[PDB]
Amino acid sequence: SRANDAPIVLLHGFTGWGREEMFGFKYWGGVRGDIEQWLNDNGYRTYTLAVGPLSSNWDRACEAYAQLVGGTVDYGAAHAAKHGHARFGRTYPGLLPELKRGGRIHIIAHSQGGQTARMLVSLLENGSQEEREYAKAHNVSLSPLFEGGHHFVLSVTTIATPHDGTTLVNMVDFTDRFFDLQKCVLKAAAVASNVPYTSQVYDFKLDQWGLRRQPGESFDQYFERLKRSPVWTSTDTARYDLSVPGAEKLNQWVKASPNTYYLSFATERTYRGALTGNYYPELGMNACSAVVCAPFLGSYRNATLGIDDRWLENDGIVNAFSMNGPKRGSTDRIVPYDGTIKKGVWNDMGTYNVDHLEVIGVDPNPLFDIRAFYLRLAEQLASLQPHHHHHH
């Protein structure tokens, strides 16, 4: 039963778009419907964030903050200078000005959005020492995000998040395959990749890098430029953060806040082979991942990198072992759900038999009751005690 009235905020991964994009086909619901609308209809106030799908977690966090409380995106002077991109980005009206007045939110994140959510909490709570110092030494202005002391976030829920990275990035042809994946999702939305749509359709939001699809350019063409751009070749990217080494680095500073509840959901859509020990995609797996991605993930080992048999089970895009919470380079604690949701630790909700895209409804799965999944989750979030009392 309801203990809090915090609104829910939905957040996407390396693919994602606003409610008005993709001609209305939702990331959060896809072919199954509109998850936000369902929650809202059931009495759970819910909103959706849209940030750069290919941008670093940092960039996304800055975008999220500003999208939340309003204003112009501020990536941090130190950060901007270090990576060679703009300091300021786009301007937002603010979905929830209530945040600057004591309110709190629950964040439900998918895929890489889980890393973003964590980072946001971290920055909100602790700010950035580096940014503070840079401001002081150079006399530049400083975003409140980097000051610390903000407590918006009551909880963070992650679904199919590569907390420890994903070995998908180790594919020799990762670059091409990754963009083919973006092409696949466009396909799911009935959007062609070889057509120069004059309407935006899918805004990658690369204002900091000064990149945008030009007139006369199709997605295929656009992706070819992107592949050669700083959003693909620099360390300040989703590409990097998505890697095992990158996730590890992020984990070294992005810690669980003791004042926030964390829930983790893992996904899998594979079966083990008895002779090989490898994992193979199940029947029903989205066509975007079944042919090349899943098999790679289910067979890729790397001793020096620390990738062993535990990493093989996957949901087609991410290794299931990476989803229960940050482990590599992390001090965070992870406890298996036992009926009690604990604060300031990762409550491992278990593993669900659904693939990376099925879980958000981008790919169909009649056996998966998506509406009930999200409503059950929402119910659980609403039951969280903003202050738990200590007892026997």
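All residue numbers refer to positions in the sequence shown, first residue = 1.
Asker: Tell me which stretch, 301 to 309 or 317 to 325, has the higher mean Cα B-factor listed in the entry.
Answerer: In the deposited entry, the stretch with the higher C-alpha B-factor mean is 301 to 309.
Asker: On mean C-alpha B-factor from the PDB entry, just flag whether 332 to 340 or 38 to 46 is the higher one.
Answerer: It is 332 to 340.
Asker: Looking at 126, 243, 264, 139, which has the highest Cα B-factor in the entry?
Answerer: Most elevated C-alpha B-factor of the set, per the entry: 139.
Asker: Quiz for you: based on the deposited Cα B-factor, which of 95, 78, 159, 291 is highest?
Answerer: Comparing C-alpha B-factors across 95, 78, 159, 291, the maximum falls on 291.
Asker: Can you tell me which third, lowest, middle or highest, the CA B-factor of residue 71 falls into for its chain?
Answerer: It belongs to the middle third of the chain when residues are ordered by C-alpha B-factor.
Asker: Ranking the modelled residues of this chain by C-alpha B-factor as given in the entry, is residue 230 in the lowest, middle or highest third?
Answerer: CA B-factor rank for residue 230: lowest third.
Asker: Relative to the other modelled residues in the chain, which third contains the C-alpha temperature factor of residue 370: lowest, middle or highest?
Answerer: Middle third - that is where residue 370 ends up once the chain's C-alpha B-factors are sorted.
Asker: Quick check on the deposited entry: does the C-alpha B-factor of residue 30 sit in the lowest, middle or highest third of its chain?
Answerer: Tercile = middle for this residue's CA B-factor.
Asker: Tell me, lowest, middle or highest third: where does the Cα B factor of residue 120 rank within its chain?
Answerer: Lowest third of the chain for residue 120's C-alpha B-factor.
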